[PDB]
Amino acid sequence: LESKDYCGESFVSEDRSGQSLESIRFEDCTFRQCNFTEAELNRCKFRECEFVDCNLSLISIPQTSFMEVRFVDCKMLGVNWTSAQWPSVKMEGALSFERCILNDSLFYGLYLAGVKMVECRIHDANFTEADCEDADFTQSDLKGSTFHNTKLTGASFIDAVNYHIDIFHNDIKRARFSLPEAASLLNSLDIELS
């Protein structure tokens, strides 16, 4: 890709695995059936973009900016989101994930207010110190994922499974849960559920 600006393009069935894309801005673009496994997006910008049915496993994104970016049906294992470029002026729902595999990702300390991570497989991802207020985890599988000093106020876990949230180290005021899974919040107190 020898241009630094793309607008309104669809990139289809491209194998860019292991490649470096540097300082490219994409607006109103869509990527589908693309392979970005182990790619590096270095100082790129994505605005109003969508990835659908792409492999972004272990992608590196140093100083890359995502604003209004949707991911659907993507493999996104082991992504370190902490090294992306994030704005200091907070805006809710900047990222959106639906039916993605987020296993082993790092969201440490990030502002994720209003972010959708719906019907995702989210094993062993780390949300320590993240702000997930109003986040939407509906129908997601959170097995092994870490919530520690995570703001979860008003977040939704409706129909979610395998979430471990220690109420002694996390704020869940007004968050939404579904039985019987909600009973797992009781695990912090060491009660024995039958």
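Numbering starts at 1 and follows the sequence shown.
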query: Stretch exceeding the other in mean C-alpha B-factor - 162-170, 22-30; finding: 162-170
query: 68-76 versus 91-99 - which carries the larger mean C-alpha B factor in the record; finding: 91-99
query: Candidate set 145, 55, 139, 128 [ranked by C-alpha B-factor, highest]; finding: 128
query: Residue 12 by Cα B-factor - lowest, middle or highest third of the modelled chain; finding: lowest
query: Among modelled residues of the same chain, the CA temperature factor third for residue 47; finding: lowest
query: Entry-reported Cα temperature factor of residue 37, expressed as the chain third it lands in; finding: lowest
